[PDB]
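Inspection log for the structure reproduced underneath, given as structure tokens.
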Amino acid sequence: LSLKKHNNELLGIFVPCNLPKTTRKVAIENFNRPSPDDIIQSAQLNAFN
Amino acid sequence: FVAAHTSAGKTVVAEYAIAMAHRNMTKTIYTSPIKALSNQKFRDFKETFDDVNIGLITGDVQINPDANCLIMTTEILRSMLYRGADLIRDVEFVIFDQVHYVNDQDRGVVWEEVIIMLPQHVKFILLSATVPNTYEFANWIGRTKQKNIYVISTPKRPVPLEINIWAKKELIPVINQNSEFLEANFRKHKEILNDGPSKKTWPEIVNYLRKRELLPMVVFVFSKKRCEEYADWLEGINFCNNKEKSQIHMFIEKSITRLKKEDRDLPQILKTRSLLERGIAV
Ligand SMILES: Nc1ncnc2c1ncn2[C@@H]1O[C@H](COP(=O)(O)OP(=O)(O)OP(=O)(O)O)[C@@H](O)[C@H]1O
């Protein structure tokens, strides 16, 4: 029962134990913005219809 | 398709195409039939554009192959297409300059093969002069590639030309700027004259035109040996006062540094240096 209530942390991606909420929020905010490929693909639409 | 007279501003179209490609983050390829013009156009584009990387691909050199703007020869593009290069997928515009010089036999097959092998996502820009066979090239391209192409032509030369005749220390205008022959002037030219140049002929012209503020001159002589004799006949004539000579000397000294020390003493280099200090060259 310990494993069932402790999922999404026992089997997740690595996040450091003592991470301040500010740093976590900054990390989350970066990935909510376009990736380098997204910007280039956005502009190429006008060229190749 | 642009077919305008010479010195009308055809290179403005290519610059705008390059700017459009830079704005859209795509690639452009520039091609000329003659390898001599590739270096000059490379230098001109490098001077003109500062935010756009320029590259060159010839049979002798290869500079910045990964740049967004590439200048190459037609055969280089043919080999690249045969190899199936991955950069072709990003190319938006291909520009062919001096199309009217491709009507040869060796220059004709490669141009047609390159046109045939190009993919369907590439647009075309064509520049040349006024030639009798203009609509056929555009029709063939638009039929083979199934693309819409517009043929644009200019009415007349932006700058007008006149034809004159020189005889016995004066100049007779015989054709005006409207390309209308003047019979009376030719008759007067026939009357006043009633073989080859003499030793006192080119001095008789380098002074008449100098005082008329029409100095920049190009003389066409159809002989390698006669040009040197004509240049040597001009003695005691200069155009550099005190600083132009020093600047030309510095430019020559810096330029020929790439040669070896014993290769800078050749008689041709010395004669060219001596002539260039006075504003005369062959
Ligand atoms: N609309 C314009 N008004 C004033 N000047 C212009 C205009 N268009 C071009 N020019 C000038 O013309 C000059 C050179 O013209 P250009 O080299 O394009 O002629 P060209 O047709 O390409 O000659 P060629 O037959 O050798 O290819 C440029 O320096 C440019 O400043």
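Letters go in sequence order (proteins before strands), and every chain restarts at 1. Because only heavy atoms are used, hydrogens play no part in the values below, and waters and symmetry mates are left out as well, while side chains stay in.
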- CA sep, side-chain torsions, deciding dist, call: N164(B), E162(B), side-chain hydrogen bond (donor to acceptor under 3.5 Å, both in side chains): CA-CA 7 Å; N164(B) 310 266; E162(B) 74 164 32; 2.9 Å; yes
- Message: Using the rule given for side chain to side chain contact (heavy atoms under 4.5 Å, CB included), can you reason through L118(B) versus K145(B), listing the C-alpha separation, both sets of side-chain angles and the distance that settles it, and then say yes or no?
- Response: CA-CA 9 Å; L118(B) 273 180; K145(B) 293 317 222 195; 4.1 Å; yes
- Just do the side chain to side chain contact (heavy atoms under 4.5 Å, CB included) check on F42(B) and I54(B) with the steps written out, would you? CA-CA 7 Å; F42(B) 173 74; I54(B) 318 296; 3.8 Å; yes
- Could you give me the CA-CA distance, side-chain angles and deciding distance for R78(B) and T74(B), then say whether side-chain hydrogen bond (donor to acceptor under 3.5 Å, both in side chains) is met? CA-CA 6 Å; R78(B) 203 264 307 274; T74(B) 313; over 6 Å; no
- Query: Given the rule in the side chain to side chain contact (heavy atoms under 4.5 Å, CB included) test, do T58(B) and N39(B) qualify, once you have shown the distances and angles that lead to the verdict?
  - Reply: CA-CA 9 Å; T58(B) 51; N39(B) 285 119; 5.9 Å; no
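Between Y230(B) and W202(B), the ring planes lie tilted relative to each other; the angle falls in the 30° to 60° range. Using cut-offs of 30° and 60° for the angle between ring planes, the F186(B) and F181(B) rings count as tilted.
Between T272(B) and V282(B), the closest side-chain pair of non-hydrogen atoms is not below 4.5 Å. A heavy-atom distance below 4.5 Å is found between the side chains of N238(B) and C240(B). Inter-residue side-chain proximity for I18(B) and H22(B) is flagged as unmet; no heavy-atom pair is nearer than 4.5 Å. The closest side-chain heavy-atom distance from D37(A) to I40(A) is not below 4.5 Å. The shortest side-chain heavy-atom distance between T130(B) and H5(B) falls under the 4.5 Å cut-off. Counting heavy atoms from C-beta on, the side chains of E112(B) and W140(B) come closer than 4.5 Å.
Note: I172(B) CD1 to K188(B) NZ = 4.5 Å, rounded to the nearest 0.5 Å. To the nearest 0.5 Å, atom CD1 of residue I71(B) and atom CG of residue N64(B) are 11.0 Å apart. The distance from the CD1 atom of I13(A) to the CG atom of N8(A) is 13.0 Å, given to the nearest 0.5 Å.
The only member of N68(B), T26(B), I29(B) that meets side-chain contact (heavy atoms from CB on, under 4.5 Å) when paired with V91(B) is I29(B).
Scanning all heavy atoms of the two residues, the minimum distance from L19(A) to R24(A) falls at O-NH1, 3.0 Å. Here the closest heavy-atom approach between residue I280(B) and residue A231(B) is recorded as CG2-CB, 4.4 Å.
Of the possible polar contacts, one joining the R157(B) side chain to the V159(B) backbone as a donor-acceptor pair under 3.5 Å is found. Distance alone, capped at 3.5 Å, places no donor-acceptor pair between the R273(B) side chain and the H249(B) backbone. Checking side-chain atoms of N139(B) against main-chain N and O of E136(B) turns up no donor-acceptor pair under 3.5 Å. A donor-acceptor pair is defined here as one N or O able to donate and one able to accept, closer than 3.5 Å; no such pair exists between the side chain of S79(B) and the backbone of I76(B).
Taking the six-membered ring for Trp and the full ring otherwise, the centers of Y30(B) and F45(B) sit less than 6.0 Å from each other. Aromatic pair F137(B)/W111(B): centroids less than 6.0 angstrom apart.
Note: the hydrophobic cluster containing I256(B) also contains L276(B) (ILVMFWY, side chain heavy atoms under 4.5 Å, direct or indirect links). Linking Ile, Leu, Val, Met, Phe, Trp and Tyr residues whenever their side-chain heavy atoms come within less than 4.5 Å leaves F49(B) and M25(B) in two separate clusters. At a threshold of 4.5 Å between side-chain heavy atoms, the hydrophobic network of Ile, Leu, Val, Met, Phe, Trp and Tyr places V12(B) and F1(B) in two separate groups. Residues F48(A) and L87(B) do not share a hydrophobic cluster, clusters being chains of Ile/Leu/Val/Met/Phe/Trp/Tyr side chains in contact below 4.5 Å. Hydrophobic clustering (side-chain heavy atoms under 4.5 Å, transitive across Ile, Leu, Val, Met, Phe, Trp, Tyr) groups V219(B) together with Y208(B).
For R143(B), the CZ atom is densely surrounded, since the number of other residues' heavy atoms within 6.0 Å is greater than 12. Atom CG of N133(B) has more than 12 heavy atoms from other residues, nucleotides or ligands within 6.0 Å. Counted within 6.0 Å of CD on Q146(B), heavy atoms from surrounding residues, nucleotides or ligands total 12 or fewer; the atom is thus considered open. Within 6.0 Å of CD in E262(B) there are more than 12 heavy atoms belonging to other residues, nucleotides or ligands. The neighbour count for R89(B) CZ, taken as heavy atoms of other residues, nucleotides or ligands under 6.0 Å away, does not exceed 12.
A salt bridge between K271(B) and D232(B) is present, with a side-chain N of the basic residue lying under 4.0 Å from a carboxylate O of the acidic one.
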